[PDB]
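**Student:** Sharing final_33.tsv (TSV, C-alpha atoms) below.
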```
chain	number	residue	atom	x	y	z
V	447	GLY	CA	5.38	-7.20	-17.50
V	448	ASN	CA	6.33	-10.68	-18.68
V	449	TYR	CA	5.58	-13.38	-16.06
V	450	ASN	CA	6.14	-16.50	-18.19
V	451	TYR	CA	9.66	-16.77	-16.72
V	452	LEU	CA	9.95	-18.05	-13.11
V	453	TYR	CA	13.00	-18.73	-10.86
V	454	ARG	CA	13.19	-20.89	-7.71
V	455	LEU	CA	14.27	-19.29	-4.43
V	456	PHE	CA	14.36	-22.12	-1.86
V	457	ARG	CA	15.36	-25.77	-1.66
V	458	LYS	CA	16.23	-28.13	1.20
V	459	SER	CA	19.73	-28.73	-0.17
V	460	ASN	CA	22.01	-27.69	-3.02
V	461	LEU	CA	21.48	-29.19	-6.46
V	462	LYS	CA	23.95	-31.75	-7.73
V	463	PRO	CA	25.63	-30.92	-11.06
V	464	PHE	CA	23.21	-31.31	-13.99
V	465	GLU	CA	19.84	-32.10	-12.41
V	466	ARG	CA	16.47	-30.34	-12.28
V	467	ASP	CA	13.87	-29.62	-9.61
V	468	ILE	CA	10.22	-29.46	-10.66
V	469	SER	CA	8.42	-30.10	-7.38
V	470	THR	CA	6.79	-26.99	-5.90
V	471	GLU	CA	6.18	-27.94	-2.29
V	472	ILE	CA	5.92	-25.23	0.35
V	473	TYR	CA	9.37	-24.46	1.76
V	474	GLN	CA	9.60	-25.09	5.51
V	475	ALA	CA	11.52	-22.01	6.65
V	476	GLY	CA	11.27	-22.68	10.39
V	477	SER	CA	10.04	-25.59	12.51
V	478	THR	CA	6.25	-25.27	12.22
V	479	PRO	CA	5.03	-27.90	9.71
V	480	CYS	CA	3.36	-26.44	6.64
V	481	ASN	CA	1.01	-29.42	6.09
V	482	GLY	CA	0.31	-28.11	2.59
V	483	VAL	CA	-0.98	-24.77	3.90
V	484	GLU	CA	0.98	-21.58	3.33
V	485	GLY	CA	1.75	-19.65	6.50
V	486	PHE	CA	4.42	-18.07	8.65
V	487	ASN	CA	7.79	-19.68	7.89
V	488	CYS	CA	6.01	-21.50	5.02
V	489	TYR	CA	7.06	-19.71	1.83
V	490	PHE	CA	6.53	-20.26	-1.89
V	491	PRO	CA	9.87	-21.09	-3.56
V	492	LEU	CA	9.09	-19.82	-7.10
V	493	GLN	CA	9.08	-16.06	-7.88
V	494	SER	CA	8.72	-14.52	-11.38
V	495	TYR	CA	10.95	-11.88	-12.94
V	496	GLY	CA	9.28	-8.56	-13.61
N	1	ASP	CA	4.42	9.92	-16.77
N	2	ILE	CA	2.78	12.31	-14.30
N	3	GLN	CA	4.42	14.51	-11.66
N	4	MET	CA	2.47	15.50	-8.54
N	5	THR	CA	3.43	18.62	-6.58
N	6	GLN	CA	2.35	20.50	-3.46
N	7	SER	CA	2.99	24.24	-3.43
N	8	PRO	CA	3.07	25.09	0.32
N	9	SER	CA	5.31	23.24	2.75
N	10	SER	CA	4.39	24.36	6.28
N	11	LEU	CA	1.68	26.55	7.82
N	12	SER	CA	0.91	27.99	11.24
N	13	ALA	CA	-2.41	29.44	12.37
N	14	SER	CA	-4.72	29.66	15.40
N	15	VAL	CA	-7.87	28.00	16.72
N	16	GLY	CA	-10.24	30.14	14.66
N	17	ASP	CA	-8.27	30.81	11.48
N	18	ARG	CA	-8.80	29.74	7.86
N	19	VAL	CA	-6.00	28.22	5.78
N	20	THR	CA	-5.68	27.07	2.18
N	21	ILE	CA	-3.63	24.17	0.81
N	22	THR	CA	-3.20	23.63	-2.93
N	23	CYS	CA	-1.91	20.71	-4.98
N	24	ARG	CA	-0.75	21.06	-8.59
N	25	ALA	CA	-0.63	18.21	-11.11
N	26	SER	CA	1.70	18.12	-14.11
N	27	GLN	CA	-1.04	16.96	-16.49
N	28	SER	CA	-4.82	17.16	-16.59
N	29	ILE	CA	-6.56	14.51	-14.47
N	30	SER	CA	-10.21	15.67	-14.73
N	31	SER	CA	-11.03	16.21	-11.05
N	32	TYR	CA	-9.76	12.78	-9.92
N	33	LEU	CA	-7.90	13.77	-6.75
N	34	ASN	CA	-8.00	12.39	-3.21
N	35	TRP	CA	-7.03	14.02	0.08
N	36	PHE	CA	-5.80	12.14	3.15
N	37	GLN	CA	-5.29	13.27	6.75
N	38	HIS	CA	-2.15	11.57	8.08
N	39	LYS	CA	-2.25	11.62	11.87
N	40	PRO	CA	1.38	11.14	13.02
N	41	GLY	CA	0.46	8.71	15.80
N	42	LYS	CA	-2.03	6.38	14.10
N	43	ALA	CA	-3.42	5.20	10.78
N	44	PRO	CA	-4.18	7.80	8.08
N	45	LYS	CA	-7.76	8.49	7.03
N	46	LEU	CA	-9.56	9.76	3.94
N	47	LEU	CA	-11.33	13.13	3.91
N	48	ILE	CA	-12.45	13.88	0.33
N	49	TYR	CA	-12.83	11.37	-2.48
N	50	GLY	CA	-13.33	12.72	-5.98
N	51	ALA	CA	-13.17	16.42	-6.73
N	52	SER	CA	-15.07	17.85	-3.75
N	53	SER	CA	-17.20	14.96	-2.48
N	54	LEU	CA	-17.07	14.83	1.32
N	55	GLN	CA	-16.62	11.33	2.72
N	56	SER	CA	-19.31	10.23	5.15
N	57	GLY	CA	-18.19	10.20	8.78
N	58	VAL	CA	-16.11	13.39	8.99
N	59	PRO	CA	-17.09	16.94	10.03
N	60	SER	CA	-18.23	19.30	7.27
N	61	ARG	CA	-15.51	21.79	8.25
N	62	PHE	CA	-13.31	20.66	5.35
N	63	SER	CA	-14.23	21.66	1.81
N	64	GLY	CA	-12.31	21.32	-1.44
N	65	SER	CA	-12.58	22.64	-4.99
N	66	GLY	CA	-10.83	22.57	-8.34
N	67	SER	CA	-10.61	20.56	-11.55
N	68	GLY	CA	-8.22	20.06	-14.43
N	69	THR	CA	-4.69	20.86	-13.28
N	70	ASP	CA	-5.20	22.86	-10.06
N	71	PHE	CA	-6.94	21.89	-6.82
N	72	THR	CA	-7.46	23.64	-3.50
N	73	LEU	CA	-8.43	22.54	0.01
N	74	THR	CA	-9.59	24.86	2.80
N	75	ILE	CA	-10.21	24.29	6.51
N	76	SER	CA	-13.11	26.36	7.82
N	77	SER	CA	-12.04	26.81	11.46
N	78	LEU	CA	-8.92	24.70	12.14
N	79	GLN	CA	-9.79	23.47	15.61
N	80	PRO	CA	-6.79	22.53	17.80
N	81	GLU	CA	-7.27	18.81	17.07
N	82	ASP	CA	-6.78	19.10	13.29
N	83	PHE	CA	-2.97	19.43	13.08
N	84	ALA	CA	-1.56	16.71	10.81
N	85	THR	CA	0.11	16.07	7.46
N	86	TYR	CA	-2.05	16.13	4.32
N	87	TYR	CA	-1.48	14.34	1.00
N	88	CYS	CA	-3.00	14.66	-2.47
N	89	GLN	CA	-3.25	11.55	-4.66
N	90	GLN	CA	-4.31	11.15	-8.30
N	91	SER	CA	-5.82	7.98	-9.75
N	92	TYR	CA	-6.26	8.80	-13.44
N	93	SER	CA	-2.83	8.63	-15.09
N	94	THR	CA	-0.72	5.63	-16.07
N	95	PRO	CA	1.52	5.73	-12.94
N	96	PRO	CA	-0.98	4.31	-10.44
N	97	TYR	CA	-1.72	6.27	-7.27
N	98	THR	CA	1.08	8.84	-7.18
N	99	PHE	CA	1.15	10.68	-3.85
N	100	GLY	CA	2.31	14.25	-3.33
N	101	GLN	CA	4.83	15.35	-0.76
N	102	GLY	CA	3.75	16.19	2.76
N	103	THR	CA	2.45	19.36	4.39
N	104	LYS	CA	3.33	19.55	8.08
N	105	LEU	CA	0.86	21.78	9.94
N	106	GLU	CA	1.30	23.18	13.47
N	107	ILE	CA	-1.36	25.23	15.26
N	108	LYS	CA	0.02	28.27	17.06
O	1	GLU	CA	-15.81	0.28	12.29
O	2	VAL	CA	-13.79	-2.10	10.13
O	3	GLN	CA	-10.49	-3.45	11.44
O	4	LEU	CA	-7.30	-3.78	9.38
O	5	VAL	CA	-4.48	-5.38	11.40
O	6	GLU	CA	-1.37	-7.05	9.98
O	7	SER	CA	1.65	-8.96	11.28
O	8	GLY	CA	5.10	-10.18	10.32
O	9	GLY	CA	7.12	-7.05	11.08
O	10	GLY	CA	10.66	-7.74	12.21
O	11	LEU	CA	14.38	-7.74	11.38
O	12	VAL	CA	15.65	-9.61	8.32
O	13	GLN	CA	18.94	-9.62	6.44
O	14	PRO	CA	19.23	-8.37	2.85
O	15	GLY	CA	18.47	-11.11	0.36
O	16	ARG	CA	16.25	-12.93	2.87
O	17	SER	CA	12.52	-13.46	2.38
O	18	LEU	CA	9.73	-12.35	4.70
O	19	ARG	CA	5.96	-12.90	4.43
O	20	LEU	CA	3.29	-10.41	5.60
O	21	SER	CA	-0.41	-11.04	6.17
O	22	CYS	CA	-3.37	-8.81	7.02
O	23	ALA	CA	-6.62	-9.65	8.81
O	24	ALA	CA	-9.89	-7.91	7.90
O	25	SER	CA	-13.05	-8.44	9.95
O	26	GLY	CA	-15.41	-5.46	9.85
O	27	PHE	CA	-16.74	-5.78	6.29
O	28	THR	CA	-17.35	-8.24	3.45
O	29	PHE	CA	-13.94	-9.41	2.23
O	30	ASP	CA	-15.23	-11.45	-0.73
O	31	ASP	CA	-15.91	-8.54	-3.13
O	32	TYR	CA	-13.53	-5.67	-2.31
O	33	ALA	CA	-10.17	-4.96	-3.89
O	34	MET	CA	-7.24	-4.59	-1.51
O	35	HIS	CA	-3.94	-2.71	-1.72
O	36	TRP	CA	-0.64	-2.28	0.12
O	37	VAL	CA	0.86	1.13	0.93
O	38	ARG	CA	4.42	1.81	2.11
O	39	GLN	CA	5.42	4.69	4.40
O	40	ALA	CA	9.10	5.55	4.11
O	41	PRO	CA	10.79	6.64	7.36
O	42	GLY	CA	11.75	10.02	5.88
O	43	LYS	CA	9.43	10.42	2.89
O	44	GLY	CA	5.78	10.35	1.87
O	45	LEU	CA	3.28	7.63	1.05
O	46	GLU	CA	3.85	5.16	-1.77
O	47	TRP	CA	1.73	2.45	-3.38
O	48	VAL	CA	3.17	-1.08	-3.54
O	49	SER	CA	0.68	-3.65	-4.86
O	50	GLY	CA	-2.99	-4.36	-5.36
O	51	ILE	CA	-5.28	-7.29	-6.08
O	52	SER	CA	-8.84	-7.48	-7.38
O	53	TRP	CA	-11.89	-8.89	-5.61
O	54	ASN	CA	-10.80	-12.28	-6.96
O	55	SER	CA	-7.38	-13.09	-8.34
O	56	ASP	CA	-7.50	-12.28	-12.05
O	57	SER	CA	-5.73	-8.90	-12.16
O	58	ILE	CA	-2.58	-8.29	-10.09
O	59	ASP	CA	-0.52	-5.10	-10.35
O	60	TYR	CA	2.84	-4.16	-8.83
O	61	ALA	CA	4.75	-0.95	-8.32
O	62	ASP	CA	7.65	-0.41	-10.76
O	63	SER	CA	10.28	-0.50	-7.99
O	64	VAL	CA	9.03	-3.89	-6.75
O	65	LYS	CA	8.39	-5.68	-10.08
O	66	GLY	CA	9.59	-9.31	-9.87
O	67	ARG	CA	10.35	-9.13	-6.14
O	68	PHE	CA	6.96	-9.19	-4.39
O	69	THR	CA	4.05	-11.63	-4.70
O	70	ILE	CA	0.67	-10.62	-3.27
O	71	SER	CA	-1.81	-13.43	-2.59
O	72	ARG	CA	-5.38	-13.59	-1.32
O	73	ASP	CA	-7.44	-15.99	0.79
O	74	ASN	CA	-11.18	-15.29	0.69
O	75	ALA	CA	-12.05	-18.39	2.74
O	76	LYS	CA	-10.00	-17.24	5.78
O	77	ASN	CA	-10.89	-13.54	5.18
O	78	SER	CA	-7.24	-12.48	5.08
O	79	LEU	CA	-4.66	-11.46	2.48
O	80	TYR	CA	-0.92	-12.08	2.24
O	81	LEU	CA	2.19	-10.57	0.66
O	82	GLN	CA	5.61	-12.10	-0.01
O	83	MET	CA	8.76	-9.96	0.19
O	84	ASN	CA	11.75	-11.45	-1.63
O	85	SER	CA	15.32	-10.25	-2.37
O	86	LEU	CA	15.01	-7.34	0.04
O	87	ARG	CA	17.46	-4.45	-0.11
O	88	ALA	CA	18.22	-1.61	2.33
O	89	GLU	CA	15.52	0.66	0.87
O	90	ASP	CA	12.67	-1.59	2.10
O	91	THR	CA	13.03	-0.61	5.79
O	92	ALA	CA	9.79	1.39	5.70
O	93	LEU	CA	6.33	1.17	7.29
O	94	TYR	CA	3.61	-0.87	5.57
O	95	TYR	CA	-0.16	-0.36	5.69
O	96	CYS	CA	-3.01	-2.66	4.62
O	97	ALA	CA	-5.55	-0.51	2.78
O	98	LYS	CA	-8.98	-1.29	1.33
O	99	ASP	CA	-10.26	-0.14	-2.05
O	100	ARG	CA	-13.79	1.17	-2.52
O	101	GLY	CA	-14.42	-0.69	-5.78
O	102	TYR	CA	-13.70	-4.22	-6.95
O	103	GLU	CA	-10.89	-3.63	-9.48
O	104	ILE	CA	-7.23	-2.66	-9.13
O	105	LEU	CA	-6.89	0.40	-11.40
O	106	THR	CA	-10.03	2.51	-10.93
O	107	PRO	CA	-10.58	6.16	-9.94
O	108	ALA	CA	-11.81	4.86	-6.56
O	109	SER	CA	-9.21	5.46	-3.85
O	110	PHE	CA	-8.47	3.76	-0.50
O	111	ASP	CA	-11.28	4.44	1.97
O	112	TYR	CA	-10.13	2.50	5.06
O	113	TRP	CA	-6.58	1.86	6.28
O	114	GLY	CA	-4.92	0.21	9.26
O	115	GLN	CA	-2.07	0.77	11.69
O	116	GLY	CA	1.34	-0.07	10.28
O	117	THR	CA	4.05	-2.53	11.30
O	118	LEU	CA	7.66	-1.44	10.86
O	119	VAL	CA	10.23	-3.70	9.20
O	120	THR	CA	14.02	-3.42	9.16
O	121	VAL	CA	16.49	-4.79	6.62
O	122	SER	CA	19.92	-4.92	8.27
O	123	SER	CA	22.43	-7.21	9.98
O	124	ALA	CA	22.28	-6.49	13.71
O	125	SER	CA	21.01	-7.87	17.02
```
Spit out the file's structure as structure tokens when you get a sec.

**Tutor:**
Amino acid sequence: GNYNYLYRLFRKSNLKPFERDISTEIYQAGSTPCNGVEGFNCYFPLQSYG
Amino acid sequence: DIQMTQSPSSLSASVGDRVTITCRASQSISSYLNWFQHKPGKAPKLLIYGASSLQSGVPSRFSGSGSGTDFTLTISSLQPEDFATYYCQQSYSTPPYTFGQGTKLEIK
Amino acid sequence: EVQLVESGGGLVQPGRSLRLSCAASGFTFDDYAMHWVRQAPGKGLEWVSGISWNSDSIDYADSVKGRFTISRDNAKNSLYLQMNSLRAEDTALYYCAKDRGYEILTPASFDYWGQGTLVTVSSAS
């Protein structure tokens, strides 16, 4: 399995044409603040292709 | 690739009977098989790890045997509280932890 | 005597992510490998993922490669699992098993399990 390739799953809003996102903050899925700690409704936005 | 098979499908016996369940592997695994007792209402448990090594904490009624490509499990008495589904798992081949199909068992 | 309880079971739509966690209390969590097992509603057992005693070696089932991400938290004595891009075939029952050894691919099997939590992947109420 090659895991050098990663794709982002979540973002607060849609990307404008021709820009990049590099920040990897925890995505706030619900209303409970993540505070930098992964938890329920606090997901990781980057997943790697298998 | 390895294919894991179970020869019988369903059995029926009494309180003081003796039954045999066998599990056939496509390729040699060198006595690396595991048996699990799947109680339908709660979490499954482990009975025998390795070829015929009895896990601590279960009655000595169960006893297994076999190596290579054929394995066999026998229940000494089959008390009325032992009806469940049993699985055989190998942990030697490239496909990790391939489980066999079930064996539903009713006491009657 | 060890306890393996998990959470996060519910109803999610296809293509939506859901995160599962599992709490272990009755043993020493710092040096045992842990695995995830799936119980299909009308089939047999199936292995999903596994992690080592510490996160060097991570292995995934072929049918879930590039979709799931299993984590580990030794400080809080609990493990996690991320389910992403779910389809209709992931409506099964999940268990949180414990490996006897400290590696992922060893002849040692799963000695202790826990009660499962059912998940559904559909669009309903």

**Student:** Identify every residue of chain V that has at least one atom within 8 Å of any atom of chain O, counting all atoms listed in the file, and report the result as a list in words.

**Tutor:**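 The selection requested is residues 486, 487, 489, 493, 494, 495 and 496 of chain V.
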
**Student:** Would you work out the distance separating atom CA of residue 4 of chain O from atom CA of residue 78 of chain O, expressed in Å to one decimal?

**Tutor:** 9.7 Å

**Student:** Residues at most 8 Å from segment 95-103 of chain O, counting all atoms listed in the file, excluding those fewer than 3 positions away in the same chain, as a ChimeraX atom specification?

**Tutor:** /O:4-6,22,31-39,51-53,57,106,108-117

**Student:** Counting only C-alpha atoms, write as a PyMOL selection string all protein and nucleic acid residues lying at most 12 Å from (-7.0, 33.2, 10.1) in the file's frame.

**Tutor:** chain N and resi 11-20+74-79+107-108

**Student:** So which residues fall inside 6 Å of (1.1, -0.4, -6.2) if we count all atoms listed in the file? Mind giving them as a compact mmCIF listing (two decimals) with C-alpha atoms, in the frame of the given file?

**Tutor:**
```txt
# COMPACT_ATOMS: atom_id res chain seq x y z
CA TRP O 47 1.73 2.45 -3.38
CA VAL O 48 3.17 -1.08 -3.54
CA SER O 49 0.68 -3.65 -4.86
CA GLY O 50 -2.99 -4.36 -5.36
CA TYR O 60 2.84 -4.16 -8.83
CA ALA O 61 4.75 -0.95 -8.32
```

**Student:** Could you tell me how far atom CA of residue 10 of chain N sits from atom CA of residue 34 of chain N, in Å to one decimal place?

**Tutor:** 19.7 Å

**Student:** Calculate how many Å separate atom CA of residue 447 of chain V from atom CA of residue 29 of chain N, rounding to one decimal.

**Tutor:**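 Interatomic distance, atom CA of residue 447 of chain V to atom CA of residue 29 of chain N: 25.0 Å.
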
**Student:** Could you tell me which residues of chain N sit within 8 Å of chain O when counting all atoms listed in the file, and give me the result as a PyMOL selection string?

**Tutor:** chain N and resi 32+34+42-46+49+91-92+96-102
